[PDB]
Amino acid sequence: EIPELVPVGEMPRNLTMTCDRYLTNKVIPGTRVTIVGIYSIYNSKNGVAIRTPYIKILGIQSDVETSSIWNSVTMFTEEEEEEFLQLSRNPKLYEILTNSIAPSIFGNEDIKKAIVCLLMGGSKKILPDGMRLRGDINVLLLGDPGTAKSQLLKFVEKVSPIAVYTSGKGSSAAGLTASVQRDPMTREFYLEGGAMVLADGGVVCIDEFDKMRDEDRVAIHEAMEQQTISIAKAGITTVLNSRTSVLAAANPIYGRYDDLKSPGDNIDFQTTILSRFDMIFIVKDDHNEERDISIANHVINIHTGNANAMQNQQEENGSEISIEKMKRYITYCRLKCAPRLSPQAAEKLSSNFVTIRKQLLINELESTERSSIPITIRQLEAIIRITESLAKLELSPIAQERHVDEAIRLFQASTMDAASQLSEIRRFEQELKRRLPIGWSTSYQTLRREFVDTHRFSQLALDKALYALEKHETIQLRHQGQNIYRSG
Amino acid sequence: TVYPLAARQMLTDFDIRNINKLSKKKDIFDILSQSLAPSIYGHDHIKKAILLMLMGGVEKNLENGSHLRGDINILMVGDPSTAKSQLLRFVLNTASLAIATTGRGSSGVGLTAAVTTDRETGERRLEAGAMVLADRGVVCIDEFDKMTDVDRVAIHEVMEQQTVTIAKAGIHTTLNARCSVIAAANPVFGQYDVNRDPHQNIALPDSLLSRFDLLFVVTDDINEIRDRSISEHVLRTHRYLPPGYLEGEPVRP
Amino acid sequence: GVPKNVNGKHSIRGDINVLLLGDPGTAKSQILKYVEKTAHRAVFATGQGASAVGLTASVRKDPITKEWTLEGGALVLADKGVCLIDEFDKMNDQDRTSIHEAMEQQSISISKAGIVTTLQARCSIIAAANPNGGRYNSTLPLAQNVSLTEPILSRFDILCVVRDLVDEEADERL
Amino acid sequence: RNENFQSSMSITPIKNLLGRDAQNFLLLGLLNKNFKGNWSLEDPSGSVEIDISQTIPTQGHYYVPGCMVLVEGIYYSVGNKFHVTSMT
Amino acid sequence: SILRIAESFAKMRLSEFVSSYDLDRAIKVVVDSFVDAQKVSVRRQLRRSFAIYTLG
Amino acid sequence: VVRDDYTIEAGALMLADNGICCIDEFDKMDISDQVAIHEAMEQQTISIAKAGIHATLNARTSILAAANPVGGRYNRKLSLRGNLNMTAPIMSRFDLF
Ligand SMILES: Nc1ncnc2c1ncn2[C@@H]1O[C@H](COP(=O)(O)OP(=O)(O)O)[C@@H](O)[C@H]1O
Ligand SMILES: Nc1ncnc2c1ncn2[C@@H]1O[C@H](COP(=O)(O)OP(=O)(O)O)[C@@H](O)[C@H]1O
Ligand SMILES: Nc1ncnc2c1ncn2[C@@H]1O[C@H](COP(=O)(O)OP(=O)(O)O)[C@@H](O)[C@H]1O
């Protein structure tokens with residue numbers, strides 16, 4: 001039964017039902033369906049006068065479920081297809097899909113863009129040598145409580161056509177992946193699918209990913225990356241396909257993410273699971289008064305009911321679309337468009353990848369220890385999939401460079417922003433506070449020739465301590481970064 | 001009727017002429033090495049070992065009964081996204097008989113053999129697990145660093161004995177498993193250390209390390225020129241279009 | 001309060017969770033027993049005796065047909081009532097903080113043994129904890145006074161701090 | 001549009017240069033002095049530092065910062081610098 | 001949480017609409033909890049900081 | 001809780017219902033026993049919520065405990081709190097020493 005309509009303090013009751021002739025093989029497990037049928041009674045082989053009830057199905061209807069068992073088949077009607085083509089021809093459908101995700105959540109615009117990229121997904125490719133590459137992206141929202149990450153998980157589970165919502169504490173290794181159970185009558189083992197089998201071709205959402213057990217986290221690695229679960233248990237060996245896009249939410253190991261604390265201490269995840277994730281969105285609370293007053297007004301408008309009026313008016317405005325239309329558009333974009341890349345896009349993509357790897361050199365130089373947030377070749381495949389999803393928004397078969405720079409912007413906003421989180425410093429600060437006075441400026445070439453060519457300090461100490469004085473806001477930069485000015 | 005659907009492919013005489021023509025070349029090892037998985041860049045010696053793994057060496061059975069193993073086994077430990085699991089998938093596809101397994105998706109009884117009843121007989125019998133059904137073939141183990149110890153016992157038993165002894169349910173049977181093993185693993189840390197520590201290579205005991213003939217270790221060292229070469233290679237990989245299919249449609253030297 | 005449903009798209013928790021942090025001998029548990037007497041539905045748990053799946057909900061194998069069936073936990077029995085935890089700090093972290101989804105999303109999401117289920121547990125959680133060292137230090141902040149972390153403290157709406165201060169006249173009337 | 005580049009070489013965006021060690025490239029770049037005080041070439045895809053030790057400029061022209069110039073030379077990946085043979 | 005405490009205070013009177021007095025009492029409870037949570041070095045400053053919202 | 005579906009085995013506090021539970025070696029008792037005694041003295045109930053079974057169990061019991069000082073004999077110079085392994089609340093839960 002529907003979880004929204006369960007009675008108080010009880011369990012949802014499973015009821016056995018039957019289909020005949022062309023009503024068979026119409027529903028995937030996990031969908032929400034309305035069924036019309038007769039409520040008949042049949043005698044079962046298992047007290048007094050107990051005859052078990054069932055429902056003989058006369059009719060199946062489901063807007064969330066489409067095309068029965070999936071055959072990549074176009075069953076959308078012609079005027080709805082023309083309306084969907086009109087939506088794909090819209091010049092600002094990207095902002096429409098961004099505003100469609102979480103209308104009652106202020107901020108988190110890059111998270112909403114990554115969610116839309118997760119819902120559209122990449123393109124699955126097949127090579128002649130059997131090389132299968134991933135066509136889905138996995139996004140991990142790591143951050144402080146009160147950032148509405150779990151509400152984003154719930155809204156992703158609502159919008160997506162195939163989606164399941166799971167826990168970290170309520171999970172298990174045989175629960176997320178497929179389990180091996182025993183049939184009672186035959187006494188033979190059989191595989192019953194888990195949460196990543198019910199989400200095949202769709203979205204799995206994990207809440208409190210930081211807390212799920214260490215033996216429980218690592219049964220997911222082939223199901224995230226290889227898109228398959230290889231099970232050899234109880235005399236049954238098989239490789240089931242699980243094409244699941246993973247959306248996980250987590251807090252750091254410490255209670256809140258601390259900017260004073262090192263990023264290695266906040267994350268006790270292995271580097272493998274962050275290599276598998278594609279958007280590692282680390283979110284914080286900066287306590288800005290404008291942001292606090294804006295979120296205060298927004299949540300007040302949500303609680304009073306005025307946000308119902310604003311979203312109902314803005315739907316008729318045409319800048320937002322509902323759950324059903326966006327769900328069917330996700331299904332149509334996955335079933336119609338699977339784009340390739342232009343040759344000029346590959347130069348920009350490879351150049352940005354070697355640029356961010358060269359930046360990872362600079363990130364891992366001075367700390368001398370390995371970063372907990374790695375950028376590997378799988379992250380280049382991630383940016384490829386982001387570009388292909390950005391092409392899949394507007395049914396574009398060619399992923400041009402305009403989509404490429406937005407993909408680069410999303411990756412810099414998520415993963416490069418996440419990865420960027422003794423006597424020399426104090427001696428530089430004293431020498432520079434005595435060297436240039438309050439209200440006067442110095443060129444960077446003067447500091448280079450007098451503090452590096454003199455070998456008073458290193459160049460890395462200069463580059464770090466200029467930023468250190470910048471964030472202290474007593475000495476800032478002016479005139480295109482070529483002047484250092486003491487604000488005083 | 002029953003058709004095999006060609007695991008042992010028939011060999012026409014034109015194929016034999018091609019095989020004996022290419023065998024006379026001096027770099028047939030290189031040609032057949034880079035012919036394995038052109039989409040995978042690097043790991044050239046690893047693909048050479050994969051080639052020598054598919055055509056494993058001769059086995060010699062002595063007069064006193066010592067079983068000398070001719071099946072070379074390879075353990076690949078190293079950094080994430082060094083395409084070890086992709087080489088596992090490639091040797092899964094291109095072998096005559098290949099069986100895959102995973103660290104958290106395997107049981108020790110489920111790898112060798114399990115005793116169950118039979119429906120038409122009403123009699124107990126064995127069904128072979130993953131590691132026995134791949135006889136005269138290859139086993140593609142992924143995430144080998146995180147077996148349960150029960151599965152480690154059975155795997156180590158096959159690597160030291162090549163036969164499994166089942167003594168349960170009134171059944172005393174021995175089963176032959178003359179099979180090769182290729183396995184992929186991560187270090188005990190998140191990333192592999194360049195401190196060359198012997199203990200932090202793998203989390204498995206060194207006794208299981210000893211039965212593996214080739215312990216390949218891979219480091220994803222961060223570079224500029226070779227990194228650009230790998231980047232352009234994987235963007236050439238993504239730009240492939242399968243023949244006979246429309247541009248921009250879902251897929252159905 | 002009132003749980004809210006916005007357009008069939010957003011859900012707002014309506015129940016209120018209250019933590020009582022105080023010195024011993026300040027009658028923190030008698031209030032919990034009074035809520036047990038007073039609330040329409042009231043479930044109690046304490047200490048190491050409350051497991052991670054004693055709360056929330058569990059799964060079990062039936063003796064008939066050996067099928068995996070769900071079992072309602074402590075929070076299932078407080079679907080429109082109050083769950084009350086005594087000695088909250090000394091309970092294990094795995095047992096303390098397994099109740100995030102009931103105390104935030106008002107729901108129990110279960111994926112184990114081939115069973116996936118989104119139960120409703122609209123629970124008002126009233127907890128009674130102790131400070132570090134047994135006594136509250138007035139000169140120290142709240143963070144190292146408790147053994148609780150930031151997220152488990154963050155959901156709690158009202159956190160009542162009780163200090164056993166010696167008074168010449170408050171002790172008389174008490 | 002000119003016949004010389006519809007012939008001699010082709011223009012590569014500046015962001016593609018880093019990674020190509022010791023290969024000859026021809027560029028169009030906004031000439032600039034960066035924050036470090038060295039000479040640099042910039043495109044909408046990025047920038048690279050150049051050095052002007054080995055240049056043979058075209059006689060008859062003026063070169064000022066802010067010029068968009070054709071720069072032929074070899075990139076080196078050791079110090080992220082571009083050694084210019086000729087400029088016009 | 002302030003909004004649920006105001007709604008619960010309106011629910012205690014069996015009044016279907018929330019008054020401004022319920023907002024004042026809810027804000028008083030939340031401010032009093034935050035002040036009692038604070039260390040005694042700054043309880044006087046924090047009490048005088050939010051005194052304009054609770055008393056009026 | 002006992003698998004047999006879980007059932008309750010009563011502890012020594014429960015068998016001394018409306019009676020006296022004489023406990024020897026009270027200093028090295030377990031932490032689960034500590035936090036169950038923390039509810040067992042005053043409220044006279046032990047509440048167990050494990051797996052599928054949840055209950056409260058009334059245990060009206062008067063406690064007589066004999067606890068050796070840890071680390072050897074009783075030190076006359078130190079306070080009575082210093083010589084024992086008990087914390088503040090379970091010491092305040094006792095009537096007399
Ligand atoms: N920007 C926002 N807009 C609306 N509600 C918000 C926002 N941020 C937080 N909230 C509220 O605060 C709560 C935050 O919970 P959440 O952070 O999702 O839990 P978790 O810490 O487990 O992810 C939600 O119930 C949500 O209603
Ligand atoms: N030419 C290449 N060089 C390096 N890595 C590659 C190459 N081609 C593909 N890859 C990456 O290798 C990854 C697979 O390795 P991985 O799954 O980490 O192995 P394991 O599961 O054994 O750790 C793929 O995600 C793919 O993106
Ligand atoms: N107004 C009061 N203030 C403090 N304690 C009281 C008050 N009235 C009764 N008590 C006593 O408090 C005892 C219960 O305290 P309890 O809540 O078990 O302590 P703790 O807070 O350490 O759990 C009762 O035995 C009762 O006699």
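Numbering starts at 1 and runs along the chain as displayed.
Determination method: electron microscopy, 3.7 Å.
Cβ atoms are placed via backbone N, Cα and C, with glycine included.
Swiss-Prot lists A:93-300 with the feature domain 'MCM'. Look at Swiss-Prot and you will find A:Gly143, A:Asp144, A:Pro145, A:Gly146, A:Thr147, A:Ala148, A:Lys149, A:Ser150 tagged as ATP binding site, backed by sequence analysis. Residues or ranges marked as motif 'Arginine finger' by Swiss-Prot: A:275-278.
Here the features listed in Swiss-Prot are placed on the structure.
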residue	record	Cβ within 10 Å
A:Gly143	ATP binding site	21
A:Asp144	ATP binding site	19
A:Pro145	ATP binding site	21
A:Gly146	ATP binding site	12
A:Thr147	ATP binding site	22
A:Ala148	ATP binding site	23
A:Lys149	ATP binding site	26
A:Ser150	ATP binding site	20
Residues from the same chain, set at least six apart from the ends of the motif 'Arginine finger' (A:275-278), whose C-beta lies under 8 A from its own: 137-140, 221, 224-225, 246, 248, 374, 376, 378-379, 382, 385-386, 415
Shell of the ATP site beyond A:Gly143, A:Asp144, A:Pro145, A:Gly146, A:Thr147, A:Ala148, A:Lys149, A:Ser150, same chain only (C-beta within 8 angstroms of their C-beta centre): A:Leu141, A:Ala249, A:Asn251, A:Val283
Residues among the binding-site residues A:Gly143, A:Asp144, A:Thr147 that border ligand 1 - Cβ under 6 angstroms, in sequence order: A:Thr147
Assigned conformation of A:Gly143 (ATP binding site) - DSSP reduced to three states: strand
Three-state composition of the motif 'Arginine finger' (A:275-278), taking helix and strand from DSSP: 2 helix, 0 strand, 2 coil
